[PDB]
Amino acid sequence: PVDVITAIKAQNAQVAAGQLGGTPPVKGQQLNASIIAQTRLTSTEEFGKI
Amino acid sequence: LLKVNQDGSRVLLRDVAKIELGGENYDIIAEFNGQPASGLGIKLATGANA
Numbered sequence: 200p201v202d203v204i205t206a207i208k209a210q211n212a213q214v215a216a217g218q219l220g221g222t223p224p225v226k227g228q229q230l231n232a233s234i235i236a237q238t239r240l241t242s243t244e245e246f247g248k249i
Numbered sequence: 250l251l252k253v254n255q256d257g258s259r260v261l262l263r264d265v266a267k268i269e270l271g272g273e274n275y276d277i278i279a280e281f282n283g284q285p286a287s288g289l290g291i292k293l294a295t296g297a298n299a
């Protein structure tokens, strides 16, 4: 079980992504948009595919 | 000290990254008549006398 627990905690999460063009940006930097990383699970499916 | 090498070299933080007394956050920047300024923005508590 302990492994099952770990697995699930690991492959299923949201994570602190960060930012392109973060603050402070570099002089003249001109594109600013968010990073999206690991997203928490949605399906009964995505949990089989663990 | 972050990691000591075989060859007697020390790897200091000073080396691996630049270090400075700086802003906790660089989102918000304030200028008073163009002169640089920092400010206090007071919002009124619920019900207290202005």
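Quick mapping for you: the protein sequence lines, in order, are chains C and A. Quick note: the first sequence uses PDB author numbering, first residue 200, plus one each step. Quick note: the second sequence uses PDB author numbering, first residue 250, plus one each step. Each residue gets a CB set at the ideal place from its N, CA and C atoms; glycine is no exception.
{"Item": "Closer than 7 Å at the beta carbon, the chain C residues around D264/A", "Value": "By Cβ distance, chain C contributes nothing, its closest Cβ being about 22 Å from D264/A, past 7 Å."}
{"Item": "Under 8 Å by beta carbon: chain C residues contacting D276/A", "Value": "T222"}
{"Item": "Distance between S287/A and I278/A (C-alpha atoms, nearest Å)", "Value": "8 Å"}
{"Item": "Whole-number beta carbon distance between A212/C and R239/C, since they are thought to touch under 8 Å", "Value": "6 Å"}
{"Item": "Three-state class that DSSP yields for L293/A in the structure shown", "Value": "coil"}
{"Item": "Option in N298/A, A299/A, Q284/A, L251/A with minimal Cα separation from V265/A", "Value": "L251/A"}
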